[PDB]
DNA sequence: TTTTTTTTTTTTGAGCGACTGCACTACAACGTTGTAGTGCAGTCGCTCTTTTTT
């Protein structure tokens, strides 16, 4: 790539330190491996190192041995830095793919956890079918939520793959209800995990509004899951040291663990979660398959759910037909029956059907770009609009459409109404940008919107105060003492006691905080797509930069599409939208070979 | 090129020198038994200054 050629100094110093007095082939291989580890690739295939390097004949002229070191494997194994997996070496070459020792150890740990430990918990099928019939009222046709709950209560380790607006939390509530109704005398210490605190708060409020609906008992309401914790807080991560409280010796005393939003779980956090689990806990993973990749290097949920497209097993199809009492189709072939049985696919979305263009655009994002052009083209479904952004007049038109989007917010701001309706109107329209700085980014769009509110008589702003009435702020760091998390919006206004920032809590109330009490504050007229995950907006507007960047890809446009409830606007070129769909963010990892055997 | 969060302390004096208890033999009083000196081991006090120059 373009960034892969510009070598970081970390990779260069790693290549100069590890290889040192060895051949320059080992130096180039270590530099390429460190650059691919910095970009997020887990493994490095030797075919790309052999073919896509211009210095490969030069290093073929550099080595001088009896066998001349013609093969890359012999040239790497001749050095003391690469071994086959026996010597304590930094670089490991096992399956014609070179990795580091930590990445290889975590990949083998994940493969052992998802290949060997996942056994089948055999329970009574009649009572489970009765609870599934008494919980799900629909029994006329195939319901994917009932099959997901059955395959999550059947096996120990199960992954539930589903998009937003498909009723995932209702399925989790039905799964927990059938789990408690199945094991009556046996106690169940249900635990909930989340990667971020805002997603944990959303999970808590969702399961709170979901579990009070289903009829329970006095002992069943006592076993309701209390709260969802962060993965760094559940495992006990420290700021100074990386030592966990439940690292290897004492596992967490849990019966079932529901980890929501597994798409934001990287490989080291997954390996640290795996080593903390005992030999009897059942884990249920939640998240979307086509969602955005993890933050650090690694792709756990995508490489797990890639085998969900094959289908179930021949015995598992009959098992699901005996459990659900319906006709469950079988998957052709058998490669890994445990992982293909542990997976599930949610296709029936309840908040949007084929009449809405959002689901059709999300289905056409994973397909070719011409399908997305046809989805935007015919009649627009009264949901998706496309505005071309090339010059300054298109920028003025985009600012005018943002004024038309923020019209109700400014109308409720100028009328001096209650802040709850102001926040409810601000949470309906949202801009989503890719980069941070420049003309296309967070601080650029924020400063341009502030200058446009200074131009037209909509918002009065003092240049030296920095706390004018009506500015939207967002927090960047978590603060459990104030009750606000990362990614929460606040609106600064004057209620009569001074300029204070009102925040909308997920409990339904509003909290008025002093602006001096805010630890972090950044203007949020346009959010990034990575930082807007978990949230939901009624009217979203994507703004893509004209400069070609590897950030704008298929998963970014998919997360921008699924962020909108009803209305979505676009401000991008046609060539950028055509190139982002075809360029998929692939991450080379050894999970494709370890799960295949 | 995008981004995620985290709250738990822990330890630290030992060698020098005496006091007393237990054992063990040497030697004289009455082969055996009482008196005396020495050595080994557990336990306990103690103790590690002072200061000002452009």
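Quick note: numbers on chain A are straight from Swiss-Prot, i.e. 10-606, in order.
Per the header: electron microscopy, 3.6 Å.
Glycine residues also receive a Cβ, built from the backbone N, Cα and C atoms like all the rest.
Features reported for this protein in Swiss-Prot:
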type    : residues                                               : note
BINDING : A:171, A:172, A:173, A:174, A:175, A:176, A:177, A:178 : ATP binding site
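Known features from Swiss-Prot, placed on the structure.
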| residue | record | Cβ within 10 Å |
| --- | --- | --- |
| A:171 | ATP binding site | 22 |
| A:172 | ATP binding site | 20 |
| A:173 | ATP binding site | 18 |
| A:174 | ATP binding site | 17 |
| A:175 | ATP binding site | 21 |
| A:176 | ATP binding site | 18 |
| A:177 | ATP binding site | 21 |
| A:178 | ATP binding site | 18 |
(request) Provide the three-state secondary structure of residue A:176 (ATP binding site) computed with DSSP. (result) coil
(message) Centre the Cβ atoms of A:171, A:172, A:173, A:174, A:175, A:176, A:177, A:178, go out 8 Å, and tell me which other residues of that chain have a Cβ in range of the ATP site.
(response) A:355, A:358, A:359, A:360
